[PDB]
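Protein chains in written order, with the numbering used here: chain G, 433 to 480; chain X, 19 to 64; chain D, 2 to 49; chain P, -16 to 8; chain B, 650 to 657; chain C, 203 to 262; chain W, -16 to 27; chain V, 131 to 341; chain U, 104 to 634.
For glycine and all other residues, C-beta sits at the position ideal for the given N, C-alpha and C.
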Amino acid sequence: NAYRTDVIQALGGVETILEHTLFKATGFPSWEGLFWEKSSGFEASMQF
Amino acid sequence: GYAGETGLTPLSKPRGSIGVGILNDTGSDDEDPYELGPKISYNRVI
Amino acid sequence: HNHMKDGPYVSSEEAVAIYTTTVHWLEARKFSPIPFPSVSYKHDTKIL
Amino acid sequence: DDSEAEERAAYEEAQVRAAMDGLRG
Amino acid sequence: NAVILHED
Amino acid sequence: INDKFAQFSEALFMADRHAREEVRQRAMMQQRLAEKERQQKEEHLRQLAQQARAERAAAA
Amino acid sequence: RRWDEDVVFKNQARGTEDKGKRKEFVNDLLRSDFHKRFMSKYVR
Amino acid sequence: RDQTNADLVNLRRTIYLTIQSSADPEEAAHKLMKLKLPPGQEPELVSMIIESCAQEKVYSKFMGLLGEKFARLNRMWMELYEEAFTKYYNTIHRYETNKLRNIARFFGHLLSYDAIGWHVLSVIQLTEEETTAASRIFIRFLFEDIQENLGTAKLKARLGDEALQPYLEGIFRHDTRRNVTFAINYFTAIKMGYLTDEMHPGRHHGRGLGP
Amino acid sequence: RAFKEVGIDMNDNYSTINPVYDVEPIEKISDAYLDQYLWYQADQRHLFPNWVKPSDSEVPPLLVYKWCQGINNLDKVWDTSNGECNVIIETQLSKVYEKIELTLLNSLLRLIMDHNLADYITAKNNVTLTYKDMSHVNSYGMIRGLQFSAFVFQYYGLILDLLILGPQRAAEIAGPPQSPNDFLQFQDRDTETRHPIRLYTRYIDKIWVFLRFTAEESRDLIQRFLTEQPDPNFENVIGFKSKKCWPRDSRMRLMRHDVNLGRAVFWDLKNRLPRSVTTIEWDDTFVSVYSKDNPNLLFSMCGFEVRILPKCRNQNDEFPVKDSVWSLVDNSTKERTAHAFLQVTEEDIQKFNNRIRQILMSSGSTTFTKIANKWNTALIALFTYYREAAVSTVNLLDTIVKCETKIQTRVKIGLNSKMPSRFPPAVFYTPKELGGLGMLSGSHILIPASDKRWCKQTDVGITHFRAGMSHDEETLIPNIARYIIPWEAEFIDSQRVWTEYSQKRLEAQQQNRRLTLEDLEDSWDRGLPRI
């Protein structure tokens, strides 16, 4: 588990990691309080 | 008045990821990447 | 098909010697043979 | 109960004899 | 009185 | 199929029976020694008991 | 005491090393020695 | 001034990420000495490497051989190593037992393989009042590890040297008999009784209270 | 007693293929129950002696460690004064599954257990195997895909172990039935010394046998071997077994006596096994001899290639002895006596490479996160099984770097392009919570400082912070191998903390009735059977 923390510390921190991405283009103020949905309703509707 | 044949039980048992697709998931080949196994419920004393 | 035609390759004296070796070893360790799983035999359900 | 305690003690003795294997005897 | 093995 | 199969099976069956017979004899032979040993120990205890009674004759 | 005297079988490898008298061609790629070597190497 | 002191935490982060990302106990030393440095933070490097050894759950020979590789360079790393040894000896009170085990295994690797000189051990003193249980188990682990690394005859030849005699007066006491008997009780308690051989109770007539 | 068709197919490991047997589900439930019952009753009735491996008490690296300790703890194992020799031979019992006679198997199974169970097992091994349009009845050999086949083969292999050792030596090694010996221990030194065969183990079908020869018995063995099979042209050295990965000085030349003793040991062991049952072939063998000439003991168990160097050979610094080295002790003098040097065998470097190749061929039509997940599983399995030997082995590190490169290249080819500037390490090695691929790394991947800056918008200005300006040093991607405790230290702490647990159990049962969960918090994640 500790690897996760260190690899964030290796990559320049959460601020740098998220500023590679479109995090600031989403209108989200802070990274805490977020989650990723594994699949949308369209994907689970078309699986079978 | 029949209690019946008793049934057994199975032996024990920044949030999320992008996902592996709904067809390429097959069955849950994305576990806890760090450690094996489902976490075990722990008794305090023996 | 070759085993059906050309017989058991383990000859009779070899099989007898192996059987008697197993017999002497098993009586030397005082091995109690495994019974059939009985009708009640509580541990059954846990094994199941 | 006593039966579950006996089987759990058998498990604990099994884990001990798996851990103590090679050094005392 | 000798057997013939399958690989031989 | 080859004839040897029959001979093969015959040997095992005879061997099996022979092994059982041997085991039984050895088993019963063992229990003879067992009961004999028990009798010997009992006899020794009886002798010791007599000596204890003799010591009781020394006690009174 | 000879150290190998309780051994059940003695001398089980006489004539096994005699293979190689003359390398012989069999016109059957399913029964040639190359196929047997190949399929014993791979199908484990 | 740097009250938040960001340069120190940046140096500590680079040393920690350099150690925690090598494989062999020579890659870490090679990158660590490849690292640039202001005129002095080598005490900080020694503090960070020993602290990173202490925070591990189980001791490994990797960081011990890393410390050995730094200790076979010039005199500055060596003298910093006995300064760190003395500092961790006198500042032992708040550290957990497993961390003390890691520190003792590291320093047993250092002393056992000639990484630092066999003369700092005069810091070790055997008295009732000035020794805590944490220092006591530190001493137990340290001599057990040196026993494991070298052996009985090697330690017998090491501690029996006459040139080491002024440096071992803090451990092998010969002046006050209560400390000697306390050393007897402990060295018989952890099976170091063969090392308690240079002493002699009967011929010491200075404390002859009993006939 | 009459059963259904059993499907058969092949599983492809790219170097070998193995048959996989698909059995009818209701018979699968019956066989699973029978399998569990037979293993439980065999354990309680003490069917299997200590050498029957894999036992439920060791991980395979602990098995290799215990084998090294059992080698090191023998009497005068590293002495060579009277010209004595040590021979360790590792070999694989060929065609044991193919050559099981089902009538003899039925008889031996009738010996150990009830005749109904034996009849069920033998009737279960005689089924029709079908693959597509091909179908045949299997009347010779055992089916390795039945649930209880593990127990049946361990019993048959126990009988083969009796045939190799002999009943007297097997009884001496296994110990008396009232108090059986532990793994690689004897009752006293007289029992250990009496026979040349000092150690023995069988992992399913691979036997490791360790023999100690005095001068006269070794001379008699070599004399018998050259009497039976003479070779006066020094052609015995052509085709012998020795490991090439060990360095140009650590491996020495093989003389007349060493090669002759190795071939004699192999021939004597081959003379014990009936070829109608099983055999050991010379190509599957590896024999190494410890003598006065070469002070090295070579073997390879469960994928660890182990070279043992006793410390009574480096008295004049013969060899460096500075690596990821298991340090072997003697249980008599309680001091360090030998060193074990670990490598990963090239066969298992190939197994890891073949696993990554399987990943890249089963997953062209899959997502990037699936590639990273499968890669993580493969890398974690490798590094948590091998630990020290993965770090020591150079070829394994090269293979790991190439396979990680192939995984990243598969992601790149997925996007469209293989352009290195387009892919910082932050794309791959970011944890999956932040949207990254979550790959774990086992390679030396430096991160340039251009990935350590960030912008922030405020009401009086916009701040473009550039962290790490005071350094000209790049921070490095954390190696996975620095987060996995090495095996030797883990075994040592396991022994120590289990002795501690027995201590607290003894002074706990003379007090409270149950041990709490506060006195064992320090001892929580310790022990190979974790506490």
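Residues of the region 368 to 380 of chain U with a C-beta atom less than 8 Å from some C-beta of chain W are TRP370, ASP371, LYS373, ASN374, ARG375, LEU376, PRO377 and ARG378, listed in chain order.
DSSP lists U/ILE111 as the beta-bridge partner residues of U/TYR124. Cβ-Cβ distances below 7 Å link U/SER321 to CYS188 and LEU364 in the same chain, with the five nearest sequence neighbours on each side left out; the list follows chain order. Within chain V, the C-beta atoms nearer than 9 Å to that of G/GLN441 come from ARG143, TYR146 and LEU147, in chain order. In this structure, the beta-carbon distance from U/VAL190 to U/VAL390 falls below 8 Å. A direct Cα-Cα distance of roughly 11 Å separates U/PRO350 from U/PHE422. Here the region 406 to 415 of chain U makes no contact with the region 288 to 302 of chain U; the two share fewer than three CB pairs at distances below 8 Å.
Think of a sphere of 8 Å around the beta carbon of W/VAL9: no beta carbon from chain D falls inside it, the nearest being about 16 Å out. Within chain D, the residues placing a beta-carbon under 9 Å from that of U/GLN139 are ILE48 and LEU49, ordered along the chain.
Contact of X/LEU26 with chain G is not assigned, every C-beta pair being separated by 8 Å or more. Taken in chain order, the whole alpha helix (DSSP H) runs of length 4 or more contained in the region 492 to 564 of chain U are 497 to 518 and 528 to 531. For the C-beta of D/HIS4, the chain B residues within less than 9 Å are, from N- to C-terminus, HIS655. Closer than 8 Å to the CB of X/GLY39 there is at least one CB belonging to chain U. Residue burial is scored here from C-beta neighbours: D/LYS43 has fewer than 16 other C-beta atoms within 10 angstroms and is therefore classed as exposed.
In chain order, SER160, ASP285 and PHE286 make up the part of chain U whose C-beta sits under 7 Å from the C-beta of P/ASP4. An exposed status is given to D/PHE37, since fewer than 16 other beta-carbon atoms sit within 10 Å of its beta-carbon. The beta carbon of D/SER12 falls within 8 Å of a beta carbon belonging to chain U, placing the residue at that interface.
Take the alpha-carbon of U/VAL432 and the one of U/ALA443: they are about 11 Å apart. Using a Cβ-Cβ cut-off of 8 Å, W/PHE(-8) is close to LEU266, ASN374, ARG375, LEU376 and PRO377 of chain U, given in chain order. Scanning U/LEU463, U/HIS298 and U/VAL447 for the CA closest to the CA of U/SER495 turns up U/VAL447. Here U/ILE174 carries a helix assignment [DSSP, helix/strand/coil]. In the DSSP annotation of this structure, the continuous segment of the beta strand (DSSP E) that includes U/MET237 starts and ends at 237 to 240.
Pairing U/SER544 with U/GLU507 gives a Cβ-Cβ distance under 8 Å. According to DSSP, U/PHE407 shares a beta bridge with U/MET404 and U/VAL447. Only residues of its own chain outside the window of five on either side were considered, and among them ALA201 and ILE246 have a CB closer than 7 Å to the CB of V/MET208, listed in chain order. Straight-line measurement puts the Cα of V/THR261 at about 49 Å from the Cα of U/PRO157. In this structure, the CA atom of W/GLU0 is about 25 Å from the CA atom of U/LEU265. Nearest CB-CB separation between D/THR23 and chain W: not below the 8 Å threshold. Only residues of its own chain outside the window of five on either side were considered, and among them none has a CB closer than 7 Å to the CB of U/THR470. Three or more beta-carbon pairs drawn from the region 466 to 473 of chain G and the region 25 to 44 of chain X are found closer than 8 Å, and the two stretches are therefore classed as touching. Residue state for V/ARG270 is assigned as helix, using DSSP reduced to three classes. In this model, U/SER553 and V/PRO155 are separated by some 29 Å (Cα to Cα). Secondary structure at U/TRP142: helix, using DSSP grouped into helix, strand and coil. Under the three-state reduction of DSSP output, U/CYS348 falls in the coil class, being neither helix nor strand. Contact annotation: U/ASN336 and U/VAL362 have beta-carbon atoms that are not nearer than 8 Å. Taken atom to atom, the span from the alpha-carbon of V/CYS183 to that of U/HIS547 is near 21 Å.
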